[PDB]
Amino acid sequence: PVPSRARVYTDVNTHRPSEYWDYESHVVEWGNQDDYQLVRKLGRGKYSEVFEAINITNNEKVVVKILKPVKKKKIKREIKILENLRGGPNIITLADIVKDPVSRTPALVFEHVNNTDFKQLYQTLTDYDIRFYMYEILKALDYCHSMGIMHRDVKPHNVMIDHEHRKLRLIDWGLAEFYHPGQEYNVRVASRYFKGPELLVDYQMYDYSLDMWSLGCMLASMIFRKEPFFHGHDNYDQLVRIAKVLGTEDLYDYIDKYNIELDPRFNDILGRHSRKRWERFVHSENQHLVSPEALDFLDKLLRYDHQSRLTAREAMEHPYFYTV
Ligand SMILES: NCc1ccc(-c2ccccc2)c(Cl)c1
Ligand SMILES: NCc1ccc(-c2ccccc2)c(Cl)c1
C-alpha cells in the first residue's frame, strides 16, 4: 500500500519526549478503594462493569468502571491517554485509579455525568440542539487530535450528555491511540456502524480523520432519524452499506489511490452502486433537522478518502455552526 499522513497535528508526538507517548513505561499509582462506596450498577460493557459511587471523603458522586484485566498494555494505554487529556474541553475526567486487593482487579474512577437517555434525545432535540452538541464533540476531538491522540471509538454510546445543563463528555478512551506519522495501526477498532472505509478495506496507515468519519455517521443518523445510518451486519457488509450511498466508482478510486488489495470476501457482495444525493434521505419526520448547510457539512465528512475529510478545526469553521 501507498503511505499516508494526517494533514493536521502530524508531528505532535514526534516533538515530545517518550514519557508522553510511551504508555508501556508509564507508572500507574493506585488511589484508595476504601474512599469509594459503590451505590448502584449503571451497566455492563464488553470487559467492564460500571457503577455509580460516592467518594466518602468529599460526598461527591463518581463513576467507577471495573475493568476485567485481559491485557495490561491496553489498561496502561487508556490510563496514560486519560491522564494526558485530563481537563481538556468535554473530555471525561479521570478522578482516580484504584485496585481491589483480594480479587486483584483495576478500576477507573471518573467524574459522574447525569446522562440523558439516547431514545429520550433523538425526538426532542431541535436543529439548534444538533448543531450545539456536534460543536461540543468537535471541541473534544480537535483537543485530543491536537494532543496527538485518535479516539477510534466515536459513537453515541461514548458521548455522555447532561441535557439539563447542556454538558457533554466524550468517554471510553479504551481504544484510543497515539498518532505517529507512518505507523501502521490495528484496523479492528471502532464499532461496526461507525468504522471508516480505511478499516473495512484493511488500510492500516490511518489517522485522526477516522474520528471524523465516525462523527459523520452520527450526524447522518441524527438529522435523518435513521439509526444507525450505515447498517452493516458484519464488517464486509458494512462496506457494502457505505457503497450503496457513496457508490462503487469512488470506492475503487480510493483503493487505486492507496494501492489497497481488496479482500476476496468482497467479490460476491460488493456489486455495482451509483452515488446517491443526500436530499433523498429527507422525509416528513426529519425535514425540520435538515438544511442545505447540514447536508453540505455531512457531505464534507462522509468521504472514502480519509485525506479529503474535514479536520475537526475545519469542521468547526463550517457555516452549519454559524448559529452556535
Ligand atoms: N469500598 C467499597 C468498594 C469495594 C471494592 C471496590 C473495587 C472493586 C473492583 C476494583 C477496584 C475496587 C471499590 Cl471501587 C469500592
Ligand atoms: N449518548 C447518546 C447520544 C445521543 C445523541 C447524541 C447527539 C446529539 C446531537 C448531535 C449528534 C448526536 C449523542 Cl452525541 C449521544
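Cβ: placed from backbone, ideal geometry, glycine included. Neighbour counts: every protein chain shown. Every number here is computed from the coordinates shown, using simple stated rules; none is lab data.
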Query - Residue-count net charge about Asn235 - beta-carbon cut-off 13 Å; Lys, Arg +1, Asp, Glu -1 - result: 0
Requested in this report: Can you find, among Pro156, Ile130, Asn90, the residue farthest towards the positive end of the dipole of the chain? Put +1 on the C-beta of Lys and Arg, -1 on that of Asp and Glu.
Outcome: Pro156
Query raised in the report: If you take every DSSP beta bridge whose two residues both sit in the chain, what share of them, in percent to the nearest 5, is antiparallel?
Result: 95 percent
Report summary line: Burial-style ranking of 126-132, 302-308, average other-beta-carbon count within 10 Å with highest first, yields 302-308, 126-132
Query - Charge context of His163, other residues only, Cβ under 12 angstrom, K/R +1, D/E -1 - result: -3
Requested in this report: Determine ³J(HN,Hα), in whole Hz, for all residues of the stretch 156-172 in sequence, where each value follows from phi through the Karplus function 6.51 cos²θ - 1.76 cosθ + 1.60 and θ = phi - 60°; x replaces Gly and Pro.
Outcome: x, 5, 9, 10, 8, 10, 9, 4, 4, 9, 6, 10, 10, 9, 8, 10, 6
Requested in this report: Quickly work out the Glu293-to-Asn59 label distance, labels modelled 7 Å from Cα along the C-beta direction, and quote it in nm with one decimal.
Outcome: 4.5 nm
Report summary line: If every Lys and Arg gets +1 and every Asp and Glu gets -1 at its Cβ, then about the Cα centre the chain yields a dipole, in debye to the nearest 20, of 600 debye
**Report entry** Loop sites in the stretch 1-48: GluC sites (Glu not before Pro), DSSP, at most 16 other Cβ within 10 Å
**Finding:** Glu29
Query raised in the report: Efficiency by 1/(1 + (r/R0)^6): what FRET value for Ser25 and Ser284, r their Cβ-Cβ distance, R0 = 56 Å, to the nearest 0.05?
Result: 0.45
Query raised in the report: How many nm is it between the label spots at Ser48 and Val70, if each spot is 7 Å from the Cα in line with the beta carbon?
Result: 1.2 nm
Query - Cα-based reach from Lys300 at 19 Å (exclusive), listing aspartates and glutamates while leaving out same-chain residues under 8 positions away - result: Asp127, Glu136, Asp142, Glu198, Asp207, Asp211, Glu249, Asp250, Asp253, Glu279, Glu314, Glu317
Report summary line: Of the listed links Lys72/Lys226; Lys74/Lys139; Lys61/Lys195; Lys46/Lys139; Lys72/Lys119, those spanning more than 30 angstrom between alpha carbons are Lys72/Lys226; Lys61/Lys195; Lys72/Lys119
Query raised in the report: Loop-only check: which trypsin sites (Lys or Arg not before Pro) in the stretch 1-46 are DSSP coil with at most 14 other Cβ within 10 angstrom?
Result: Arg5, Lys46
Query - DSSP-assigned coil residues among trypsin sites (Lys or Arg not before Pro) in the stretch 168-231, each with at most 12 further Cβ atoms within 10 Å - result: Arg188
**Report entry** the stretch 109-217, dipole about Cα centre (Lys/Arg Cβ +1, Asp/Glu Cβ -1), debye to the nearest 20
**Finding:** 180 debye
Requested in this report: Between beta-carbons, use under 12 Å as the cut-off and find the net charge around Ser274, counting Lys and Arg +1, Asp and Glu -1.
Outcome: +4
**Report entry** Among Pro101, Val27, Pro69 the positive-end extreme of the charge dipole of the stretch 1-104 (Cβ point charges)
**Finding:** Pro69
